[PDB]
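Taking it in order: structure first as structure tokens, then the write-up.
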Amino acid sequence: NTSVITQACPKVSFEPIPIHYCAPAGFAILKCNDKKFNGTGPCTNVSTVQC
Amino acid sequence: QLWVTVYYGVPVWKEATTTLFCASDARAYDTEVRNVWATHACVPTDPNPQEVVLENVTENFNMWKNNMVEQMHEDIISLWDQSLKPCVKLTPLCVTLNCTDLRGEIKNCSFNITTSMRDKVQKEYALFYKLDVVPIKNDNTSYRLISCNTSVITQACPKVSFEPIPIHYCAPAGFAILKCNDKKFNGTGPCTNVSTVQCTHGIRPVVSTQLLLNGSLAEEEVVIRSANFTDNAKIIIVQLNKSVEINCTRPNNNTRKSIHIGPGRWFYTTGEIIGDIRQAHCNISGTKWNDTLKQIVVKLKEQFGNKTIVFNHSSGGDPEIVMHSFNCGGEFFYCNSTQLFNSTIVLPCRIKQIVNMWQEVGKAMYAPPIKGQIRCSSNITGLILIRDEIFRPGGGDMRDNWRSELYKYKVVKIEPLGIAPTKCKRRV
Amino acid sequence: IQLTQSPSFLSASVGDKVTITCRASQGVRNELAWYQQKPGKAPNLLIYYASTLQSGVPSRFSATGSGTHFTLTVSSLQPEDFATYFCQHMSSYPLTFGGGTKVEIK
Amino acid sequence: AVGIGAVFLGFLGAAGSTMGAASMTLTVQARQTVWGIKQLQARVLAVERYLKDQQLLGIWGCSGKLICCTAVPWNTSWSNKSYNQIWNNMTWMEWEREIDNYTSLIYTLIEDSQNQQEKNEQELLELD
Amino acid sequence: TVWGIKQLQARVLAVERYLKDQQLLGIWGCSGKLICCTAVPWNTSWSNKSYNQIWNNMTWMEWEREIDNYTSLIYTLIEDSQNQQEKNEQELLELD
Amino acid sequence: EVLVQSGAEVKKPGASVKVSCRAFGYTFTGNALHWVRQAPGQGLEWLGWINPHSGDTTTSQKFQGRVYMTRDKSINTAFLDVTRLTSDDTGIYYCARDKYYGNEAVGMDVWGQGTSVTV
Ligand SMILES: *[C@@H]1O[C@H](CO)[C@@H](O[C@@H]2O[C@H](CO)[C@@H](O[C@@H]3O[C@H](CO[C@H]4O[C@H](CO)[C@@H](O)[C@H](O)[C@@H]4O)[C@@H](O)[C@H](O[C@H]4O[C@H](CO)[C@@H](O)[C@H](O)[C@@H]4O)[C@@H]3O)[C@H](O)[C@H]2NC(C)=O)[C@H](O)[C@H]1NC(C)=O
Ligand SMILES: *[C@@H]1O[C@H](CO)[C@@H](O[C@@H]2O[C@H](CO)[C@@H](O[C@@H]3O[C@H](CO[C@H]4O[C@H](CO)[C@@H](O)[C@H](O)[C@@H]4O)[C@@H](O)[C@H](O[C@H]4O[C@H](CO)[C@@H](O)[C@H](O)[C@@H]4O)[C@@H]3O)[C@H](O)[C@H]2NC(C)=O)[C@H](O)[C@H]1NC(C)=O
Ligand SMILES: *[C@@H]1O[C@H](CO)[C@@H](O[C@@H]2O[C@H](CO)[C@@H](O[C@@H]3O[C@H](CO[C@H]4O[C@H](CO)[C@@H](O)[C@H](O)[C@@H]4O)[C@@H](O)[C@H](O)[C@@H]3O)[C@H](O)[C@H]2NC(C)=O)[C@H](O)[C@H]1NC(C)=O
Ligand SMILES: *[C@@H]1O[C@H](CO)[C@@H](O[C@@H]2O[C@H](CO)[C@@H](O[C@@H]3O[C@H](CO)[C@@H](O)[C@H](O)[C@@H]3O)[C@H](O)[C@H]2NC(C)=O)[C@H](O)[C@H]1NC(C)=O
Ligand SMILES: *[C@@H]1O[C@H](CO)[C@@H](O[C@@H]2O[C@H](CO)[C@@H](O[C@@H]3O[C@H](CO)[C@@H](O)[C@H](O)[C@@H]3O)[C@H](O)[C@H]2NC(C)=O)[C@H](O)[C@H]1NC(C)=O
Ligand SMILES: *[C@@H]1O[C@H](CO)[C@@H](O[C@@H]2O[C@H](CO)[C@@H](O)[C@H](O)[C@H]2NC(C)=O)[C@H](O)[C@H]1NC(C)=O
Ligand SMILES: *[C@@H]1O[C@H](CO)[C@@H](O[C@@H]2O[C@H](CO)[C@@H](O)[C@H](O)[C@H]2NC(C)=O)[C@H](O)[C@H]1NC(C)=O
Ligand SMILES: *[C@@H]1O[C@H](CO)[C@@H](O)[C@H](O)[C@H]1NC(C)=O
Ligand SMILES: *[C@@H]1O[C@H](CO)[C@@H](O)[C@H](O)[C@H]1NC(C)=O
Ligand SMILES: *[C@@H]1O[C@H](CO)[C@@H](O)[C@H](O)[C@H]1NC(C)=O
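Chains as they are written, first to last, in our numbering: chain A, 8 to 58; chain B, 19 to 446; chain C, 25 to 130; chain D, 628 to 755; chain E, 46 to 141; chain F, 21 to 139.
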């Protein structure tokens, strides 16, 4: 009584494949490599990651 | 001997057509919750826009060749249609109506709903306007919706707004907008007071017939523009220097019923009226209207004759052409507007829920019932006139109303690279 | 700039010919501006570079002379011209104006 | 004669001053769903216009120059007006329109008669 | 689909960033140069630190932030006070 | 293109007055402004001028250290700042614009209405 439900097409998969996310040119990702770092605040062991 | 030298950054341009983009005020970004035109998908305006007056630049303008009107034509229609894509089809609701009068502009109709709740059927009733439905000739008790045999009508999603927010249109880099600032300039020809604009002011996407409203008053006199003032195939656009106040209402505190016609599907319909039945109507200051109209004639007679009788009652076309119309509070009023022209003021208005974006092909949108009463007011700022020297109100489409504002601007492309002869030869 | 002007009481009738003389010890060559002023109003320019008539200024106004000696001529004096007149000298500065002369009623 | 001026208007359309005077503000000009489609096309067009001018300046060896002189002489058949008649008595808006039809001609001449030829001569000289 | 949009926008942004720097270097006449000197003197009101204090005792990340508010000022000065003026003077000299 | 000045003032000798002039209808920074005064019974006295773009000024020798000009382009307004007022400073203070063709004074066709200062 609220909405439409469909049956997924039999030819379907949701296997959780580990897809990587990459930055575009002009951008970079900085990673915190401090194993004791909590959710916020400064991190000194920092490295540059493109993806 | 003069030599070829290249100069870059030369302050010249050629007329050109490009796409203008929207720019929002501040609030529109977060009006996405209801408003179709005042979208979130729009950058802000310049909080401090600049304008440069040019000393010796004179250019030809032609409002009837202003292509910005086509962009607005298409954009409003497209955006309006996009907002209706997920909305409810009223196709199965056209099956039957057994009607009597409301206890006959409004009918009290009962109806038989076809299999609804999976294996069940049901009967309901609702109130309908005579402008949305028609009788069956051999019954005179049974009714159908008018547009049913041509196309699909959907009920706008309840979370919708058409508030006419004054969105600005801006030129892309490499382009500029030239504005004519000559207060006495007609629709075409040269203009000497010209300035450079990167982005225009905001223009409200007002939808109306037989009325220019809520903006752009004339420079202390009535200003009239036309493609010719000669050819009967052309129309006249009238700008007023002072607005005329109009107060409109539909004083019926209505409610609405949500009718479910199957699990997962429903629509709203007009329910009972709280209180008595009041006629929709609009109050126009008579003196202001007619004092202004006398002044309109003073300007109009310049082209049509000093003792010429002008401005008769509305005539010609179907009821949506003949009657004046607007969305008061979002409600659609069709007013006779003959009192205003009963001599060469409160008007009755009718209500209709099936509407077009000016004019649709086949399809239409249904305006969901509005709970409570309607109250609004507005600024009458101009007229569109029909040639017969009797003039009558009305004519045109959205582009005539868009043009009535866009006439101030034209788009050009900057052409900075050029050459000239010099006395200086290249050295090697 | 070291400017001597015509006697201030330059009486004339309407349609008459009245002239204003501005003769300085210092030359400006042509860098002289002719102005017309009414009581209670800012002065306004008539003629620039000692000879170019400003658009909007009536054709009855013209000026001649060079170097140090310039004359403003009103060839058909009208009621609206019973104003004071000034010269401003631009060879150097301060760009002061002369004392001014006035056209009087004959 | 008192030097009062050196002020900024903005835009400076080529009507307000002569070609000579206009050349004093080349840096001024230099400084100057469906929504996605419009944002995109607008940005694409801006890029295209920018690059077209740079491509021409690039091939001519005039990149980075507001003004650059070439190895090609002016032909009076393009215009037989004197330097004064062009630079002091006309603005760019009117003047350029008179030689609009020679644009591709001249642009071509300033490429081959100048850089292809100049660079080959210099490369050879530099091998010594 | 959406992937195309992302591929597109990513490429557009890269182009925009590249060109913005080139546009500034272009107008300044610093195109092709890692380092270019201008005709505009340093004003101590922007920074009154000595050459040594800036170049040997600071890194760029800290230092630039101190004059961030003068960026448009300086960029403008190095355009008009340098190239518009220099090029007009040289063009005239070259007509002789 | 018009010039709009502020109001009138009454000051005692030793005082100072500041008279504004707004650039309506034209680019503020695109045309240098002059200041001219006219004391009762007097002709037109030049005080100086200011460049609205650069802030550059020139003043009459009579007022060195006494008459100053300033500007604030964010409001398109130029100002005349006059100190050491004395009784000779009673008069109408006007703002005006020249053509500056070639960046040299030509003559001034645009004038503000003038304000009065009584001292
Ligand atoms: C020409 O210009 C006039 C005005 O100059 C326009 O008419 C007005 O248009 C606005 C916007 O459409 C109308 O605003 C509506 O006001 C209703 C009542 O406001 C009072 O009560 C609220 C309660 O919180 C107070 O906040 C407010 O200050 C007032 O006290 C609102 O109820 C309306 O809200 C609607 O949308 C929300 C969104 O979820 C719904 O929940 C509401 O139920 C409702 O649907 C809205 O805010 C205003 O009333 C109009 N009339 C007047 C007299 O101002 C013309 O439309 C305009 N015409 C054209 C063609 O441009
Ligand atoms: C809009 O378009 C118009 C088109 O004409 C431009 O017009 C310009 O007008 C200004 C002045 O109104 C011209 O500039 C000046 O021209 C003078 C030439 O001479 C006159 O005066 C003598 C005096 O006896 C007469 O004999 C002679 O016949 C002329 O009447 C110059 O003397 C001026 O001084 C400058 O030039 C001279 C010579 O170069 C130098 O001696 C001075 O040092 C100083 O440099 C001055 O040049 C201007 O030439 C006109 N332009 C053109 C193309 O003709 C408008 O300016 C234009 N823009 C605006 C904003 O309106
Ligand atoms: C080309 O178009 C330009 C843009 O419209 C023209 O400039 C306009 O020129 C008129 C000339 O009269 C000006 O009108 C005057 O404005 C003053 C303003 O003061 C009042 O309003 C301000 C607003 O904040 C307020 O603060 C003041 O206290 C006043 O209330 C009025 O006082 C005058 O009565 C008169 O209206 C326009 O203002 C001016 N426009 C701008 C943007 O300044 C230009 O002249 C045109 N050129 C040609 C050749 O036509
Ligand atoms: C329809 O006509 C009415 C009446 O003229 C318009 O109302 C007026 O709108 C202006 C908008 O600026 C109001 O100005 C106000 O001035 C004060 C001054 O300090 C300022 O603080 C406010 O923010 C605002 O600017 C004006 O007062 C108002 N008049 C009345 C009587 O309320 C109305 O806007 C017109 N509608 C349209 C769509 O044009
Ligand atoms: C347009 O103008 C008309 C009149 O020119 C307005 O009509 C007014 O409507 C109200 C409400 O229906 C009437 O109020 C009634 O007054 C009597 C007085 O004793 C009272 O007994 C009733 O209970 C009720 O309060 C009012 O009299 C009526 N005016 C006239 C002259 O009949 C109309 O409301 C205006 N419409 C708009 C949109 O402003
Ligand atoms: C649905 O069919 C009816 C008739 O069966 C159409 O009614 C006609 O409407 C036009 C409109 O001007 C009239 O001129 C005709 O006389 C009407 N027909 C009859 C028999 O009276 C109706 O228009 C059709 N609906 C749509 C949306 O086209
Ligand atoms: C504006 O009115 C003029 C009036 O003459 C129009 O001229 C038309 O010219 C053709 C030429 O043979 C005639 O056959 C038409 O009858 C004329 N029209 C009229 C109304 O008499 C001109 O075309 C009109 N321009 C616009 C924009 O309509
Ligand atoms: C409509 O209502 C009347 C009321 O008596 C009834 O007789 C008639 O059969 C109804 N028609 C339909 C189609 O239900
Ligand atoms: C506008 O006025 C000019 C004045 O000469 C006239 O030539 C032109 O035809 C007019 N255009 C319209 C549409 O009225
Ligand atoms: C509309 O209502 C307002 C309410 O104050 C009133 O001032 C205005 O005059 C009314 N307009 C008309 C046309 O009656």
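Quick reminder that beta carbons are idealized off the backbone N, C-alpha and C, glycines included.
{"query": "Residues of its chain near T55 (chain A), where Cβ-Cβ distance is below 8 angstroms and the 5 sequence neighbours each way are ignored", "result": "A35, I36, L37 and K38"}
{"query": "C-beta neighbour in chain F for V71 (chain B), strict 8 angstroms", "result": "yes"}
{"query": "C-alpha gap between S704 (chain D) and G691 (chain D), whole angstroms", "result": "30 angstroms"}
{"query": "Members of the region 47-60 of chain F that neighbour chain B once the beta carbon cut-off is set at 8 angstroms", "result": "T47"}
{"query": "The region 77-91 of chain B in contact with the region 258-265 of chain B per 3-pair CB rule at 8 angstroms", "result": "no"}
{"query": "Any non-hydrogen atom of ligand 6 within 7 angstroms of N330 (chain B) CB", "result": "no"}
{"query": "At least 3 beta-carbon pairs within less than 8 angstroms: the region 100-117 of chain F vs the region 119-137 of chain E", "result": "no"}
{"query": "Under 7 angstroms by beta carbon: chain D residues contacting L119 (chain C)", "result": "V629"}
{"query": "Selection of the region 75-87 of chain C by Cβ proximity to chain D, strictly under 9 angstroms", "result": "none"}
{"query": "Three-way DSSP call (helix, strand, coil) for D92 (chain F) in this model", "result": "strand"}
{"query": "Residue range of the unbroken alpha helix (DSSP H) whose run includes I123 (chain E)", "result": "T116 to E124"}
{"query": "Identity of the residues DSSP links to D415 (chain B) by a beta bridge", "result": "According to DSSP, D415 (chain B) bridges with nothing at all."}
{"query": "Ligand 10 site residues, beta-carbon cut 7 angstroms against heavy atoms", "result": "B:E263, B:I264, B:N265, B:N301, B:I302, B:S303 and B:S395"}
{"query": "Contact test: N397 (chain B) Cβ vs ligand 4 heavy atom, cutoff 7 angstroms", "result": "yes"}
{"query": "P63 (chain C) versus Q62 (chain F) - alpha carbon distance", "result": "12 angstroms"}
{"query": "Opening and closing residue of the alpha helix (DSSP H) in which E61 (chain E) lies", "result": "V47 to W73"}
{"query": "Classification of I277 (chain B) by the beta-carbon crowding that lies within 10 angstroms, buried from 16 upward", "result": "buried"}
{"query": "Segment contact flag, the region 417-434 of chain B with the region 32-46 of chain B, C-beta cutoff 8 angstroms, min 3 pairs", "result": "yes"}
{"query": "Uninterrupted alpha helix (DSSP H) stretches inside the region 190-217 of chain B (no shorter than 4 residues)", "result": "none"}
{"query": "Contacting residues, own chain, Cβ-Cβ under 7 angstroms from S644 (chain D) (five flanking each side not counted)", "result": "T718"}
{"query": "Whole-number beta carbon distance between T362 (chain B) and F329 (chain B), since they are thought to touch under 8 angstroms", "result": "5 angstroms"}
{"query": "Proximal chain E residues relative to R670 (chain D), where beta-carbon distance stays under 8 angstroms", "result": "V57 and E61"}
{"query": "Same chain only: Cβ atoms within 6 angstroms of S136 (chain F), ignoring 5 sequence neighbours per side", "result": "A28 and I112"}
{"query": "Coil, strand or helix - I12 (chain A) by DSSP", "result": "coil"}
{"query": "Proximity winner among D:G647, D:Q668, D:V661 and D:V674, relative to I437 (chain B) (alpha-carbon distances)", "result": "D:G647"}
{"query": "Interface flag, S90 (chain C) vs chain D, CB-CB below 8 angstroms", "result": "no"}
{"query": "Cβ neighbour criterion (16 or more within 10 Å) applied to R421 (chain B)", "result": "buried"}
{"query": "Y114 (chain F) at chain D interface by Cβ criterion, 8 angstroms", "result": "no"}
{"query": "Nearest neighbour of residue 17 (chain E), chosen from B:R243, B:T23, B:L149 and B:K148 [CA to CA]", "result": "Past the boundaries of the shown model lies residue 17 (chain E); chain E is included only from 46 to 141, so the question cannot be answered."}
{"query": "Closest residue to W55 (chain F) among F:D92, F:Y46, F:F48 and F:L67 (Cα-Cα distance)", "result": "F:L67"}
{"query": "Best match in E:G74, E:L58 and E:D141 for proximity to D125 (chain E) [C-alpha to C-alpha]", "result": "E:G74"}
{"query": "Those runs of the beta strand (DSSP E) which lie wholly inside the region 79-125 of chain F and span at least 3 residues", "result": "87-92, 97-102 and 111-118"}
{"query": "Anticipated Cβ contact below 8 angstroms, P67 (chain B) with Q656 (chain D), distance rounded", "result": "Incorrect: roughly 19 angstroms between the Cβ atoms, too far for contact."}
{"query": "Listed by chain order, chain D residues near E55 (chain C) by CB distance under 7 angstroms", "result": "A628"}
{"query": "CB of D101 (chain F) within 8 angstroms of CB of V139 (chain F), strictly", "result": "no"}
{"query": "Any non-hydrogen atom of ligand 8 within 7 angstroms of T273 (chain B) CB", "result": "no"}
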